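Below is one structure, written out as structure tokens; comments come after it.
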Ligand SMILES: Cc1cc(OCc2nnc(SC3CCCC3)n2-c2cccnc2)ccc1-c1ccc(S(C)(=O)=O)cc1
Ligand SMILES: Cc1cc(OCc2nnc(SC3CCCC3)n2-c2cccnc2)ccc1-c1ccc(S(C)(=O)=O)cc1
Ligand SMILES: Nc1ncnc2c1ncn2[C@@H]1O[C@H](COP(=O)(O)OP(=O)(O)O)[C@@H](O)[C@H]1O
Ligand SMILES: Nc1ncnc2c1ncn2[C@@H]1O[C@H](COP(=O)(O)OP(=O)(O)O)[C@@H](O)[C@H]1O
């Protein structure tokens, strides 16, 4: 049957559910001699196709509890006045086979009322379901798990104490989980040796477990269409050996990925960033300060408690564009192995234009659920720029979105895990309230990368590309007196583009030469340009440009010295 | 059974309910010979999981009244046309066992109609319930108590005279009540000696009684998972001695608190502030004036009545991080009155959302929790949002301030709510706020003095281990014009430096054993056990004055802009 092996994604909420349900189910007799209330209901919510029903079935099988599935529309499709009988009989039958697990798939259909509550019979169904759910006499060990797309879609009374008192957001699987899902979905098709499922997994961003299964099936169907159809040898049952002779090639998977259309790309991603400190070449003072502020409270919470100091839970990065603030935030999140949530400027601008700031509440709740997390508000000054910056609106710096963010931060800190990081290229226009204590008070300045930092940035950008050892990278980094990280990335991309164009043009001509003059003996000399050379980099650097002018760096230096530690205490000595 | 001991939180509305219900129930025969109308219905409302049903059951048990529970959805889940029979039979049965208490849990389901009133059968249920509730012939002593999340959620006709004429807001338990709830929920698990339930209670802000019970259960489950599972010795019934051998450690409670997710952190807090005058080192003139304005009318109301003077019920603090919020908390604490704080973000939210009816709700909540000190922190936020130098084309009037003025004008009836306003920009504050009957008593909070600075440093460093070598008076005197916030920043930076040094040092020392395993283990304890002079010197190296002298000059201008003339200083009566 289905078990933990079938449950893919390694998303680490299956472990939480296990810890939740073993003792109530794995050790049911224990609770008989101990006075404790187990989890009467667990609300699994997330994007559709994430395997919530699969997870519930696997838990039921691995714990031995009698699994009962109450399909939402199955009862809803039944005639009014007798569907209530179906729900009551389902609970009674689950009660009989104690311990039992009752799974309500698509719970947002039985009790969708969000206090709007249209209709008459559906109100009866929701109220009777409430009576049954609250009617659990704590006898036996029936655990009621329900599936819902979002927590707010179901009736709020279902979310109350004793009905569904604890919720788990399965969420979209990540690259590691996408790879494991691909492995589980590719185990009987005799996958080819060339295909590794790693490149596909990385390119598979935005898919869900159902999406991964559909992509694998589409690749298999492409393989079946490409071969074994030309022969057209078919019978009632295709020969096992004949079908096994085919191997799903990388090309088939690539085409399937091109024909994927993932079912929820837009959904926000809660993922441990893969970026590491290696990608950023320097910022040692900044790196150490970030390590302090974030890592120290958790690695050594006892020492923070000993001195009675509450660590700051907000940091605001300020600096010129393209210097690596987003990368620095990702790296700091990676070092602590905490989930990273990034709120770019377009999202804030959308909330501001639409006059919908309640999304800030939802974003903060999501960050709270995925703890430990690093809630990063990238380019937080976007709203101020949108309203102006030199003259702007007649009013002050306060705006709806920033006010909601401040309210959530003030109401935050309770969680002890969410850490707010803010990045802004225009510190002058940022609202001052953002910098007050209890908010993003720790201001960190990210300067233009140094020569060593520039070398590291070039190496990180060119790690994947084949770069000839002849081209000296230290010389190029030193040559770039004030290039930003974005400028270095542009130079590397232009060099790669030049190399790609030259290689394409050359092999194309070489193919004409064989077509025009068919050689008697075929002897390919391989690639005329196998790796990026000095001339490519020289031509690319010919177009190198400094995006960040020295005047805006001067303004940042002004603000930095606008956070000046006075000029009279530098020699402070105690009287002794 | 359940009684007052089970009812935790010490939130002091259980006492009010007791005073409400003893004589109607504890002395039912008394009302037979005396012509008086007892409380026919009591509406208990508050956040879910606050123990309203528990409170009703405890009152019923402790008074001997026959408790009847009419679950909201229990009747609502029944078939239309026969649920009305269930409600009528419930009232008749409660009538038979006089005296009896009928508890309607989740009343917002039987009669949710807020004049929207969707559907047909639910209108019948609400009207029939109204007929029954108003149909109490004052015979027998059935008391109908109902539970609801908010007063406005239920049908307004239920709120009318004779149906539910008096309401009690149980509200979220406070630190003292959170601690007592933890004690009641931790009494049979054999709590460990290291765990005290005091630190957990302080860190437990935002939880409700149900949340506290869930946290305790989660800690117990963590303890059960950590131990007794490794051995894996299990049978049909776990041995009592084996299970008793385990003790819930502080670490388990800490993890549970980390995994709490309290079910209503956002809900407004009505709590007696723990801040005391000790935290503020000075402001003796301000302290005495605040004591006068707030405490004197209540401590000696008779003397206020004798002279026919109505004490001012509004005070506006103006000043540069100087402790206005702390001063308001201290004044509330001295009078032992509930404190409600409305920070600027809330006002800005009401202004941006064009929802000023929340001011009415806030004032009603303050009125219910009397005696209370309704503090409007940073009241000038809306004016700043609209500008301040040029601003909008219109005047200083805005929607939120206008609603606040309307509520204040309609206030004073309660005789208990006291409005305190704090503003860092007195120039832009609306003048109507300062008219008589409003926050007229303007109090200026200046930058802390040397003695005040010493007190602020001591308060900030009370918890942290500070070596006696570091002289605090010298540091306070050295800081010529540091604000309270600046002193707090200096103390926090010193603590951060000490923490980093201690962490780095013990980390190296651990390498030292790992690299060179010593033959005899002899830990020398902590290399930095308390904050020293060098830490404070390095921290003060980064000390900064947040408040410039020009803004202090503007505050001095406004202060002398409330100048008591210049010709009456020598006023003498003719004699
Ligand atoms: C001991 C303590 C821990 C804490 O939390 C620690 C923590 N855990 N997970 C996280 S989050 C995750 C980590 C990486 C990404 C984010 N954190 C955390 C906390 C603050 C800043 N960054 C992380 C808070 C406050 C305290 C205390 C300090 C003084 C006193 S007294 C009365 O003066 O003696 C009482 C209590
Ligand atoms: C006697 C009186 C008491 C009063 O109320 C007293 C009071 N009780 N609780 C509170 S509130 C709580 C206390 C700490 C936090 C808040 N207060 C109160 C009142 C005003 C200001 N602060 C507190 C009002 C007005 C009067 C009177 C004055 C003159 C006349 S005559 C016709 O000229 O002879 C008639 C009536
Ligand atoms: N991590 C996974 N491992 C194996 N199958 C998965 C996984 N995630 C999703 N699926 C696929 O998703 C299909 C249906 O999705 P389902 O489990 O019902 O979730 P939901 O009810 O939210 O749509 C299943 O048949 C299963 O094959
Ligand atoms: N102060 C308290 N003392 C003991 N238990 C409490 C307390 N507050 C809440 N609870 C717990 O809350 C549980 C259910 O909450 P309840 O009393 O029904 O309030 P509500 O109906 O508003 O949700 C109870 O089983 C009880 O254990």
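Chain B is numbered as in Swiss-Prot; the shown residues are, in order, 200-519, 521-775.
Method of determination (from the header): electron microscopy, 3.0 Å.
Every residue, even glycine, has its Cβ placed from backbone N, Cα and C.
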Swiss-Prot annotation, ATP 1 site containing B:247, B:248, B:249, B:250, B:251, B:252, B:253, B:384 - matching residue among B:285, B:348, B:351: B:348
In Swiss-Prot, the entry for phosphoserine among B:444, B:555, B:702 points to B:702
Out of B:282, B:352, B:748, B:770, which residue gets the phosphoserine annotation in Swiss-Prot? B:770
Validating a neighbour-count step here. Other CB atoms within 10 A of the CB of residue B:668 (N6-succinyllysine): how many? 7
Other Cβ atoms within 10 Å is the metric here; tell me which of the binding-site residues B:522, B:526 scores highest. B:522
Can you list which of the recorded positions B:247, B:436, B:462, B:524, B:702 come closer than 8 Å to chain A, going by CB to CB distance? B:247, B:436, B:462, B:702
Are any of B:247, B:315, B:505, B:522, B:702 (the recorded positions) within 10 Å of residue B:462 (phosphoserine) when you go C-alpha to C-alpha, and if so which? B:247
Sorry to bug you, but what's the C-alpha spacing from residue B:436 (phosphothreonine) to residue B:523 (ATP 2 binding site), rounded to the closest Å? 59
Is it possible to list how many residues within the region 'Disordered' (B:708-727) are helical, extended or coil according to DSSP? 8 helix, 0 strand, 12 coil
Within 8 Å of the Cβ centre of B:521, B:522, B:523, B:524, B:525, B:526, which other residues of the chain have their Cβ, at the recorded ATP 2 site? B:518, B:527, B:622, B:645, B:684
When the Cα-Cα distance from residue B:770 (phosphoserine) is computed for each of the recorded positions B:315, B:505, B:521, B:525, which gives the smallest value? B:505
Over all shown protein chains, what is the count of other CB atoms within 10 A of the CB belonging to residue B:247 (ATP 1 binding site)? 18
What remains of the recorded positions B:249, B:251, B:754 after requiring a CB under 6 angstroms from ligand 3 is none
